[PDB]
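Engineer: Pasting a structure here, questions to come.
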Protein chains: 2
Amino acid sequence: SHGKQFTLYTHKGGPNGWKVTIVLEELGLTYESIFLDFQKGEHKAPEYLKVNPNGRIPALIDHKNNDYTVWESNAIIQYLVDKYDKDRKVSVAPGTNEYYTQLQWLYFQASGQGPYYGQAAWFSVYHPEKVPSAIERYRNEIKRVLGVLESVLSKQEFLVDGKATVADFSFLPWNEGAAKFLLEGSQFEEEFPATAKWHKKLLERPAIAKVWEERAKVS
Amino acid sequence: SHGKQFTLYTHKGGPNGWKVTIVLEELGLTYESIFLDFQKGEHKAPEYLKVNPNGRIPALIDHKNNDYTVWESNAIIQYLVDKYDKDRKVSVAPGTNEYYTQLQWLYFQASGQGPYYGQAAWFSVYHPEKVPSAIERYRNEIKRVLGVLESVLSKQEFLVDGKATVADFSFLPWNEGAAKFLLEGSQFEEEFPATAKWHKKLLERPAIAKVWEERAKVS
Ligand SMILES: N[C@@H](CCC(=O)N[C@@H](CS)C(=O)NCC(=O)O)C(=O)O
Ligand SMILES: N[C@@H](CCC(=O)N[C@@H](CS)C(=O)NCC(=O)O)C(=O)O
Ligand SMILES: N[C@@H](CCC(=O)N[C@@H](CS)C(=O)NCC(=O)O)C(=O)O
Ligand SMILES: N[C@@H](CCC(=O)N[C@@H](CS)C(=O)NCC(=O)O)C(=O)O
């Protein structure tokens, strides 16, 4: 209905739709973003459940692949680079050892960064009572995850050693949350300097900077 | 030294090492399980951090691929089926649409099931303070995830619809937690009958049943 290769179901504020948008833009692909209104329950409405039965964003429909539909941000991202980064600008080749190292880092992001950072967000902002021990638990886990990244990034430039890939990009949106709200003050920058430098440089890439400007705009 | 194709770093009780063991056994692969003693801090010791800097299990070393090492259970699983399930017994082919649907489900498991079930376990069993609102939050999230699975499994046999795959298997260890204590009583079986039946039948597969005996032995 719109002349773009993809329909992307997303959200204006949350990190995970922007994660996919970063990759779409890095790959030079066209997309129509449908921003769901969570306050109106649109992500739980039958119209969206037929797209993603989990009732969460993002979800992607590829109109140049017979409307193939896939959800989970990092599954979407793998689909996008495997099919549409054949020049390997921001990904490694399927069927190589490095591919499974890329995949390892993408799972660490999706299972180790996102959910735990998200529980810090939950207890700090949304939970109906203030539970300092829960807030502290998840802040400490954010710092533990950052420490893992720091242990690697202090010794090599990027996660899949030689070049920036979607494995690196996948951590950006949630780490921007750590930088701006989930940790107090400048703790991200001063406690994890190698990670903070890597993060900053990725955000300055032209496609990522473009997406981040758009995120600020739609807000 | 042990003569097996793989070294698997694991834990006797937690779900995520067993997840990989299921796949190793389904594929008829040989492996030496090294059960780390978390009470002794073995998962945080410098020698294990050289294997997985995250300091969590599982991690896999493939001695028939020049000691290629990969961590994150679902990255390990993908490596194993892509390289060693060319007969497509329990996986779909790389480079197909269905591969990315399999991947979607694997990411839903790793990011949507495991972390959230794990926080139910944390608040119910390990957090110093008993926090009823946190316990309720994660019990409700277990049920929400089970409802997603139910919505699919009540309409088709397996997740990647007609074939049992590692996408289905990946849910087993944490759903066994739901079945046996994380949800009290018979809530799992009564409230999610299609999911419970699918779970039961998967545990009856010969390879998985064998793994479950090992899990019982070491308990
Ligand atoms: N692991 C999922 C997480 C998706 C997720 O957390 N989405 C959020 C927005 S950032 C959402 O839709 N939240 C609505 C809700 O769950 O109520 C992925 O990476 O796609
Ligand atoms: N229904 C959600 C609402 C909040 C939500 O969706 N949070 C997202 C971020 S927008 C989250 O924590 N996602 C986890 C992840 O990214 O893995 C909940 O109860 O946590
Ligand atoms: N997303 C990771 C989760 C791994 C995980 O939670 N491992 C647990 C055992 S079930 C662990 O090593 N826990 C020790 C710790 O974190 O202190 C994966 O699927 O491999
Ligand atoms: N350091 C861990 C200790 C407990 C732990 O490792 N729990 C594992 C299960 S053994 C977990 O919840 N893993 C989450 C997952 O499987 O994604 C924590 O603070 O949560």
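Just remember, in the structure tokens the first chain shown is A, the second B, etc., residues are 1-based per chain, and ligands are 1-based in the order shown.
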I'd like a table as JSON lines: residues in chain A with an atom no more than 9 Å from ligand 3, each row giving the shortest atom pair and its distance in Å to one decimal, only C-alpha atoms and all ligand atoms counted, sorted by chain and rising residue number.

Structural biologist:
{"residue": "A:107", "atom": "CA", "partner": "ligand 3", "partner_atom_place_in_ligand_line": "1 (N)", "distance": 6.8}
{"residue": "A:108", "atom": "CA", "partner": "ligand 3", "partner_atom_place_in_ligand_line": "1 (N)", "distance": 6.3}
{"residue": "A:109", "atom": "CA", "partner": "ligand 3", "partner_atom_place_in_ligand_line": "1 (N)", "distance": 9.0}
{"residue": "A:110", "atom": "CA", "partner": "ligand 3", "partner_atom_place_in_ligand_line": "1 (N)", "distance": 8.1}
{"residue": "A:111", "atom": "CA", "partner": "ligand 3", "partner_atom_place_in_ligand_line": "1 (N)", "distance": 4.9}
{"residue": "A:112", "atom": "CA", "partner": "ligand 3", "partner_atom_place_in_ligand_line": "1 (N)", "distance": 5.9}

Engineer: Compute the set of chain A residues within 7 Å of chain B, using only C-alpha atoms, and express it as an MDAnalysis selection string.

Structural biologist: chainID A and resid 53:54 70:72 75 79 100:101 103:104 107:108 110:111 115 148

Engineer: With a distance cut-off of 9 Å and only C-alpha atoms, select the neighbouring residues of residue 16 of chain A, excluding the residue or stretch itself and same-chain residues fewer than 2 positions from it, and output the selection as a CSV table (one decimal) with C-alpha atoms, in the first residue's frame.

Structural biologist:
chain,number,residue,atom,x,y,z
A,10,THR,CA,7.4,-0.5,15.7
A,11,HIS,CA,7.1,1.9,18.6
A,14,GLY,CA,11.1,1.6,22.9
A,18,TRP,CA,14.9,1.3,16.5
A,19,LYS,CA,17.3,-1.6,16.6
A,20,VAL,CA,15.8,-3.0,13.4
A,21,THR,CA,15.5,0.5,11.8
A,57,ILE,CA,7.2,-5.0,18.4
A,58,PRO,CA,9.0,-5.2,16.1
A,72,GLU,CA,11.9,-10.9,17.1
A,73,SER,CA,14.2,-8.0,16.4
A,114,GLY,CA,17.7,-6.4,26.5
A,170,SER,CA,22.3,-4.6,18.2
A,173,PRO,CA,19.5,1.2,21.6
A,174,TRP,CA,19.6,-0.4,25.1

Engineer: Excluding residue 9 of chain A and residues on its chain fewer than 3 positions from it, collect all residues at most 10 Å away from it, counting only C-alpha atoms, and give them as a PyMOL selection string.

Structural biologist: chain A and resi 6+17+32-36+43+48+51-52+56-61+71

Engineer: Kindly indicate which residue among A:122, A:138, A:169, A:188 lies nearest to ligand 4, using only C-alpha atoms and all ligand atoms for the distances.

Structural biologist: A:138

Engineer: Would you kindly return, as a PyMOL selection string, each protein, DNA or RNA residue with an atom no farther than 8 Å from any atom of segment 206-219 of chain A, considering only C-alpha atoms and excluding same-chain residues fewer than 6 positions away?

Structural biologist: chain A and resi 12-13+18+21-22+25-26

Engineer: Could you tell me which of A:175, A:165, A:156, A:195 comes closest to ligand 2 if we count only C-alpha atoms and all ligand atoms?

Structural biologist: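 Of all the options, A:175 lies closest to ligand 2.
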
Engineer: Would you list the contacts of residue 191 of chain A as a list in words, taking every protein, DNA or RNA residue within 10 Å and counting only C-alpha atoms, but skipping same-chain residues closer than 4 positions in sequence?

Structural biologist: residues 143, 146, 147, 150, 186, 187, 195 and 196 of chain A

Engineer: Using DSSP secondary structure from the backbone, list all strand (DSSP E) positions within chain A, as JSON, numbers by chain.

Structural biologist: {"A": [6, 7, 8, 9, 10, 31, 32, 33, 34, 35, 59, 60, 61, 62, 68, 69, 70, 71]}

Engineer: Smallest atom-to-atom distance to ligand 1: which of B:67, B:168, B:141, B:31, using only C-alpha atoms and all ligand atoms?

Structural biologist: B:141

Engineer: To one decimal place, how far is atom CA of residue 7 of chain B from atom CA of residue 117 of chain B in Å?

Structural biologist: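 Atom CA of residue 7 of chain B sits 27.2 Å away from atom CA of residue 117 of chain B.
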
Engineer: Let's see if you can do this: from backbone DSSP, list all helix (DSSP H, G or I) residues in segment 114-218 of chain B, as a ChimeraX atom specification.

Structural biologist: /B:114-126,132-153,166-169,172-182,187-191,193-203,206-218

Engineer: Give me, please, the distance in Å between atom CA of residue 85 of chain A and atom 7 (N, counted along the ligand's line) of ligand 2, quoted to one decimal.

Structural biologist: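 Taking atom CA of residue 85 of chain A and atom 7 (N, counted along the ligand's line) of ligand 2, their separation equals 29.4 Å.
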
Engineer: With only C-alpha atoms and all ligand atoms as the atoms that count, which of A:37, A:136, A:176, A:47 lies nearest to ligand 4?

Structural biologist: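 Among A:37, A:136, A:176, A:47, it is A:136 that comes nearest to ligand 4.
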
Engineer: Restricting the calculation to only C-alpha atoms: of B:63, B:45, B:180, B:142, which residue gets closest to residue 1 of chain B?

Structural biologist: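 When distances to residue 1 of chain B are compared using only C-alpha atoms, the smallest one comes from B:63.
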
Engineer: At what distance in Å, to one decimal, does atom CA of residue 27 of chain B lie from atom CA of residue 84 of chain B?

Structural biologist: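 Calculated distance between atom CA of residue 84 of chain B and atom CA of residue 27 of chain B is 7.1 Å.
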